[PDB]
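Heads up: the structure comes next, in structure tokens.
Backbone-built Cβ (ideal geometry, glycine too); neighbour counts: all protein chains shown. Please treat every number below as a calculation from the coordinates, not as lab data.
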Amino acid sequence: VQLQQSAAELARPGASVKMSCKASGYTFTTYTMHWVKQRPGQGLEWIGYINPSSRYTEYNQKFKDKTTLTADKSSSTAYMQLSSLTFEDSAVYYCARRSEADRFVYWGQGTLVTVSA
Amino acid sequence: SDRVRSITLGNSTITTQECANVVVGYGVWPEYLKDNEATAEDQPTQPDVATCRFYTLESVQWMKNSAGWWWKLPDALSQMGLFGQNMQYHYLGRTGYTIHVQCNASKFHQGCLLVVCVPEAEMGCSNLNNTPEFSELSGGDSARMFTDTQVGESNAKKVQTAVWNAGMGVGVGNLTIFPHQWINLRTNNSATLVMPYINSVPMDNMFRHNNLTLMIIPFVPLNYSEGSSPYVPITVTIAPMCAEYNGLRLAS
Amino acid sequence: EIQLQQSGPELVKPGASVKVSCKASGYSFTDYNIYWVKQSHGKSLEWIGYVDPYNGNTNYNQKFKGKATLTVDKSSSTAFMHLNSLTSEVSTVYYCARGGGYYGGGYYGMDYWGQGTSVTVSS
Amino acid sequence: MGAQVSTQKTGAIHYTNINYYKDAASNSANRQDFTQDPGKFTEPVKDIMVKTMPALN
Amino acid sequence: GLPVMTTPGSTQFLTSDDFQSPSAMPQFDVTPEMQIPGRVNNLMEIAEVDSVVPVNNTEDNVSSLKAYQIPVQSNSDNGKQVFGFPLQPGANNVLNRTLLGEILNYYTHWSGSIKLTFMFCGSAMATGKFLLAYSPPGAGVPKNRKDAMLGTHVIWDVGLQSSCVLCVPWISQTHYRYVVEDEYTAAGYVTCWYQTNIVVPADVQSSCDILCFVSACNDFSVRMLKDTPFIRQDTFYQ
Amino acid sequence: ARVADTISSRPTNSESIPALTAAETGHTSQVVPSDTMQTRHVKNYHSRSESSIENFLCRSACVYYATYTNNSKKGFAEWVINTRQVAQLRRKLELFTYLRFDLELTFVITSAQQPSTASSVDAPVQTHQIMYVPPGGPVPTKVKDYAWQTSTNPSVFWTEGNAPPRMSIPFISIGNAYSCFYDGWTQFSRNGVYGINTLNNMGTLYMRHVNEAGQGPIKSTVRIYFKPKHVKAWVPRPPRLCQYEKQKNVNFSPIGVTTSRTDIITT
Amino acid sequence: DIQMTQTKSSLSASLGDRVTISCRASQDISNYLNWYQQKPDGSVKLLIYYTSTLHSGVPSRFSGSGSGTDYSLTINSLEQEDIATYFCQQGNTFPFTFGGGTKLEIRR
Amino acid sequence: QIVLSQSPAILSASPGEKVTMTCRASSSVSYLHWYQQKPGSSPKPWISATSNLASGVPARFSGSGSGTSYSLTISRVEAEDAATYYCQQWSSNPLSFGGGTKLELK
Ligand SMILES: CCCCCCCCCCCCCCCC(=O)O
């Protein structure tokens, strides 16, 4: 009934990185899958979502030119690719499943991304 | 022949030479309101030839990448002749309809349309918090069109026009439970639907309640080879049947 | 992809004629009309006319009824436009667009445009 | 003055009912009103078409 | 003081009992009835109406109108298969969400015959012949036209009448079958094959489409009402 | 409600074509399997008794539950009555456009003990009150309000440990049937709200502890159950595919028509 | 965007006391507020999914209030399992905006 | 013939505020579209049939209007939408363009 994410990842500035969030306990193609960013000195921040049935994605305006959301029905995971990484893009990224209209009931455990050299 | 009709209403006539039967409602024919079922006490007006006649709407083009169209039709005839003028001066009104959708092509074209008339079609909004505005739900005598993609949630007041959910959050193949016909270009040429008055009250205000919705959805897309005619239009004519009005006031 | 490739820039004399072309590719050519508009150097856009490539039927604006002639060529997917009796007001740029049906199919507008061809009269 | 509503649901005996309240919204559910009219959804068609005949003549 | 004796089952709330209860608003005058068209008396006349089935579930056609379109072409090899699915009307994801399969998911048992109508939505100058088969279980799914002609089949000749009905019969050991997928109450397979080719003239597209419809016969019946597995909730809708 | 039984069929060679029809007419085929193959005579004893509109709908379903706490001023619950906050009864009632039924209310009230600090808390049985306020009546703003006199508002008192309380409500409506869908507005200017919320004016339901708060707090929960009786239904309607999002409207996020398989020939 | 602001960012009280966290919106969000709790190991869970409606499995110490623009969250008896970070979230306008954190600690 | 009168001709706005850009017609119009032309290139097909954003248009832009009055709206004016916006009608009358409301940052 839980959501399971990947491990901590480290990339060079200018490179790319790909997370995952494997869903279990429910039917994966029924609910959208949202992604939230938390920089350690600030609060939570919404990025976007993907409809797993129709592969339709919608993004925030700040995160549109960098992030790329995708999914697959077979293994029932949801990926997220960050591109052109800077030092600002070092945070903890969660996956959440949204129920009803504005409520995230189930969250992931979060992956830590650090951008250094 | 079983493939010819002729429908006469007022000073207008519709002739067809390839057709299926006509579908009448839920089995019942449009009639007037009886004394057992009435509630309003003043006398209704019944013009019955100035309003009960065939009004033809705007034509739309069936393109190859088309998804569908819809009309509401107490609202589509709100500017049509003396039917639209009786709607303005009166507070109540009730009516049944007959709808004749017509689309012809040759023996070398292919395609299939579902012509369904649904009652009380609440459409859904793209933003999950609001309801759509009036101009997104209906235009007068002009079609509002479905899409083969999904409208984003950044659109505040817009109808969710993903065609496979029919705008109502439902299965589009299950829309054959309402009175419907098909226009198969292989066999058919037109579709005719006779609808009675369906509501939960004996009369209603015709400007803040659309109690019907006509949907035309291409289940099999239009296709032809190079050389054939690329322009195929779809035309809808609607005639009111047994219309009456109560509550005469100023013009609004 | 859908792309409307237009001709190149060219200079004419006052009173002379010019022939601009608009080659379209990536789609079935005779399914959509081809619209011709103009744009001056500091003014707004103005409509000239269109041509239906399936039967060669043209429909003109009243201001350009004698000075524009639209033809089509289905064998190479090219739509031409011949201009006649050019004056000093033809220091403009001409665009070609694509839309299907006049207003039966006006839901999409003219959704694929050309590059623009700049003509002028000079010495 | 209790009604012999007799026929019970059996496979292929009677039971007794008395109404105690003065309103008809107080009674039990109907549960035994078996009526069917499927032809208004499956044959909503003006000209009656016979099954063995061709539909388009 | 009449001597009584209370039995087990007293002061319990069973959610499917039939008792009388006192009215909260006495002598309330209800609104008189009206004649509204389209009165439904039984759920088995909703399930007897045709609805289009999505045979083309192919991982990007389900969020499209291409789920309902069965592709048919002018071939060059004989006896090719068109489609095929098991006859599980409430457990197989082809017939699961139709107007008949949505009613079966409120019940546990089902029994009766099933209609399958096929409409040829091609050009008017196209011909063709098909074989619409149904194989009872015990062997596998048929893999040839020769294996599938040995069961219940009909041969469809396309023409002026654009539709053909394959009526699968009730062949079962028990009187009822389970709506959920059970191996003891398996029902068989429905397949389609080319009998002859689709022959078209010049300047006609060689690729056509077929729509399929499903309904129930006049001996269909359901039993043991339950809750559907399709709707779900986490918090209150507000 | 016995179903029809099959008749014995013979080999045919004729010009009659029961299998060939035209689906473009909007009419479903009335064929039986004795027209397309050779059958035997069976006699069916099966019934369509459990699929009636009365048997499908007349079961109790939970529609809400509200909480309220003893040791608090303004500790009392309220609920504006509707049938659109739960997933299961909403989908059953929305297979039809218009409905007309009587109701049968049932309440299930429980309690729990809250962390006080006194030694030897010992409380008697609790008495509860559930008052119904029709639209326009005066509402309570606290627990010891004057509005709980119930001179004309119907209420019910109930002590813990007994059978659950139960009333019966007639067809209360302004119109001739309950409407599950409404394609229209409140105002004539076609501004403001839109949908089924324009017709929902059923009232409010209030809940409180009648007892005083003695020595430890008590948190009570009341569950509400609806049961339609004497049901009439008109204009059937396709069942809901997408999940519900809100209460007042039919908003949804789109979803595929079924789940997918790997082929068209795969079984 | 609707900016949610929690002006505290740190709060301290003893065990067994009543704490109050307040979140303020930019414009009217019309009772569409949610409260989340982030434990010190990183896990987030939903507490109150409206102005005042508790999610299932949440202890009854938690309580929500507010209307219009200003809202509140109350823990009427602070325990050791309630030392965490609390965020507010509006569900009225695209996109979803979360408030800043508010961390709890012990008074002495 | 239907003429389309746009207003204002010059709209100046600080980056990060909400602007409105209206158009009026002589009579009713079947379809109304919006285009954006930056100086030096061809006009791009933007918002079409008064609501539908084209592929690649940011979510800050919306369109509305019905009957005679139509309008285009930007919620937060970014620095890169400084262009001129034309408005075209597709009715039973031949064809018209608006007049080009120009936008320059303040
Ligand atoms: C013990 C006193 C309590 C009395 C409370 C009366 C409750 C009235 C309920 C109204 C029925 C609403 C029916 C739902 C309408 C629909 O189907 O949309």
Subject >> In region H:1-100, GluC sites (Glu not before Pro) in a DSSP loop with at most 10 other beta-carbon atoms within 10 Å >> reply: H:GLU80
Original post:
How many angstrom lie between the C-alpha centres of region B:83-155 and region A:70-110?
Top reply: 38 Å
**OP:** Kindly rank A:20-33, F:113-126, B:104-117 from highest to lowest mean number of other beta carbons found within 10 Å of each residue.
**Re:** B:104-117, A:20-33, F:113-126
Original post:
What pairs in A:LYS18/A:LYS73; A:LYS37/H:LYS18; A:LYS22/A:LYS73; F:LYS43/F:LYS92; B:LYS107/D:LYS40 have C-alpha atoms more than 22 Å from each other?
Top reply: A:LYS37/H:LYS18; F:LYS43/F:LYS92; B:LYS107/D:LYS40
Subject >> Peptide F:57-70 - average C-beta neighbours from other chains (10 Å radius) >> reply: 2
**OP:** Hey, for a label at F:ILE17 modelled as a point 7 Å past Cα toward Cβ, could you say which residues of region E:167-197 have their backbone N under 14 Å away?
**Re:** none
Original post:
Spin-label point model (7 Å from Cα, Cβ direction): what's the F:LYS43 to F:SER151 distance in nm?
Top reply: 6.9 nm
Subject >> About the Cα centre, charge dipole magnitude for the protein assembly as shown (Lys/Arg +1, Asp/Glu -1 at Cβ), debye >> reply: 1500 debye
Original post:
Separation between the B:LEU82 and G:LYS8 pseudo-spin-labels, each 7 Å from Cα along Cα→Cβ, expressed in nm?
Top reply: 7.3 nm
Original post:
Which order do B:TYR245, F:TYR146 fall in if you start with the one that has the fewest other Cβ atoms within 10 Å?
Top reply: F:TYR146, B:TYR245
Subject >> Inter-label distance, nm, simple model (7 Å from Cα along the C-beta direction), F:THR267/D:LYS22 >> reply: 6.8 nm
Subject >> Order of F:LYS43, C:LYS63 under a 10 Å beta carbon neighbour criterion, fewest first >> reply: F:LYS43, C:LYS63
**OP:** First select every other residue whose beta carbon is under 13 angstrom from the beta carbon of G:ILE106; then total the charges, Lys and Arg +1, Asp and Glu -1.
**Re:** -1
Original post:
Counting only other chains, what is the mean number of Cβ atoms within 10 angstrom of the Cβ of each residue in peptide B:27-35?
Top reply: 2
Subject >> Mean-position separation - Cα centroids, region C:61-107 and region F:187-253, in angstrom >> reply: 61 Å
Original post:
Which of E:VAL165, E:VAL204, E:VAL82 moves the most in a Gaussian network model of chain E with Cα springs under 10 Å?
Top reply: E:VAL204
**OP:** First measure r as the distance between the Cβ atoms of G:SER43 and C:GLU1, then evaluate 1/(1 + (r/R0)^6) with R0 = 45 Å and state the FRET efficiency to the nearest 0.05.
**Re:** 0.40
**OP:** With springs only between Cα atoms under 10 Å apart, run a GNM on chain F and tell me which of F:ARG100, F:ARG40, F:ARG190 wobbles the most.
**Re:** F:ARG40
**OP:** State the dimensionless ratio Rg/Rh of region C:81-123 (Rg: radius of gyration of Cα atoms; Rh: Kirkwood radius).
**Re:** 1.14
Original post:
Taking K and R as +1 and D and E as -1, what net charge do the other residues with C-beta under 15 Å from the C-beta of E:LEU116 add up to?
Top reply: -2
**OP:** Please give the peptides H:32-45, C:66-79 ranked by average Cβ packing (other Cβ atoms within 10 Å per residue), highest first, as a rough proxy for protection.
**Re:** H:32-45, C:66-79
Original post:
Using the alpha-carbon centroid of each, what span in Å lies between region E:72-137 and region G:28-45?
Top reply: 49 Å
Original post:
Hey, fewest Cβ within 10 Å first, where do G:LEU11, F:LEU95 land in order?
Top reply: G:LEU11, F:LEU95
**OP:** Summarise the partner chain shielding of E:113-121 as one whole number: the mean count of Cβ atoms from other chains within 10 Å of each residue's Cβ.
**Re:** 5
**OP:** Report the residues of region C:6-48 in range of a label on C:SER85: point 7 Å along Cα→C-beta, backbone N strictly under 15 Å from it.
**Re:** C:14-18
Subject >> Spin-label proximity, F:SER8 to region F:21-48 - amide N less than 12 Å from point 7 Å beyond Cα toward beta carbon >> reply: F:39-42
Original post:
Cβ under 14 Å from D:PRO38's Cβ, D:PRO38 left aside: what net charge do those residues give with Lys, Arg +1 and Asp, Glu -1?
Top reply: -2
Original post:
Under the Karplus relation 6.51 cos²θ - 1.76 cosθ + 1.60, θ = phi - 60°, what is the ordered set of whole-Hz ³J(HN,Hα) values for region E:156-168, x standing for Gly and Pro?
Top reply: 9, 9, 7, x, 5, 6, 7, 10, 9, 10, 9, 9, 7
